[PDB]
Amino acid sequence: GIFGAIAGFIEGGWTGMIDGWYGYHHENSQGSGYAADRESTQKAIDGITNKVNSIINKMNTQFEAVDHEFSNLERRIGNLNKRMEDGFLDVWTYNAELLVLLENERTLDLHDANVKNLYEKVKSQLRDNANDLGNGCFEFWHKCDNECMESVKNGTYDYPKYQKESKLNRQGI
C-alpha cells in the first residue's frame, strides 16, 4: 500500500467493524469491540462523494453523431465525417478509461493515508505508556479504562496520569 498501512503493516481489515471505513479495536477487562472513527469516516465519504459527482458533472456533455447520407460523388466529405466521429469517440473513451485508472489509484491511497494518520494520532498520545505490538496494535503498560479507551480515541488521553503505573510495570517485568 503506498502509505504502508492498508494491506501493509496492518495486514488485514475487520469484517466486524461495520459502521465505518476506519477505526479502533479495543480489549479491556470490561470487554472488547470494533468502533469506527466517525469524523474521518465522514470526511472521507464527503470527499469521495464529491469526487464521483465532479467526474459525473465534468462528463455531462455528449458528442453527437449523425444519420447523414452521402452520394457516390461525396466520398471525401463522407470519410471526413467518419474520421471526425471516430476521433471524438477515441478521445472520449481515452479520457474516461484513463481517468478511472488514475482516480482509483488515488482513492485507494487516500484510504491508506487516513488509516496511517489515525495510527500516528494514537502512537503519539501514548508514548512509552504503551508497547507497540505489530499490526497496528498497542498494549498499554497500565490498566486502561473504557473511559481511557475513549480518551485515546477522542484525542484527550492523559499521559502523565498513568506515567508512574506504566513505568513500574514497564520494567518490573
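Residues carry their position along the shown sequence, with the first being 1.
Asker: Got a sec? Mean C-alpha B-factor, which is higher, 164 to 172 or 2 to 10?
Answerer: Per the PDB entry, the higher value belongs to 164 to 172.
Asker: As stated in the PDB record, which stretch has the larger average Cα B-factor, 153 to 161 or 12 to 20?
Answerer: Higher mean C-alpha B-factor in the PDB entry: 153 to 161.
Asker: Which one of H142, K51, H111, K121 shows the top CA temperature factor in the record?
Answerer: In this record, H142 carries the highest C-alpha B-factor of the candidates.
Asker: If you check the C-alpha B-factor for each of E105, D46, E64, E69 in the entry, which is highest?
Answerer: So the option with the highest C-alpha B-factor is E64.
Asker: Would you please rank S29 by its C-alpha temperature factor against the other modelled residues of its chain and give the third it falls in: lowest, middle or highest?
Answerer: Answer is highest: the recorded C-alpha B-factor places it there.
Asker: Split the chain's modelled residues into thirds by Cα B-factor; is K58 in the lowest, middle or highest one?
Answerer: Its C-alpha B-factor, which the entry lists for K58, ranks in the middle third among residues of this chain.
Asker: What third of the chain does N117 rank in for C-alpha temperature factor, lowest, middle or highest?
Answerer: Lowest third, going by the recorded CA B-factors of the chain.
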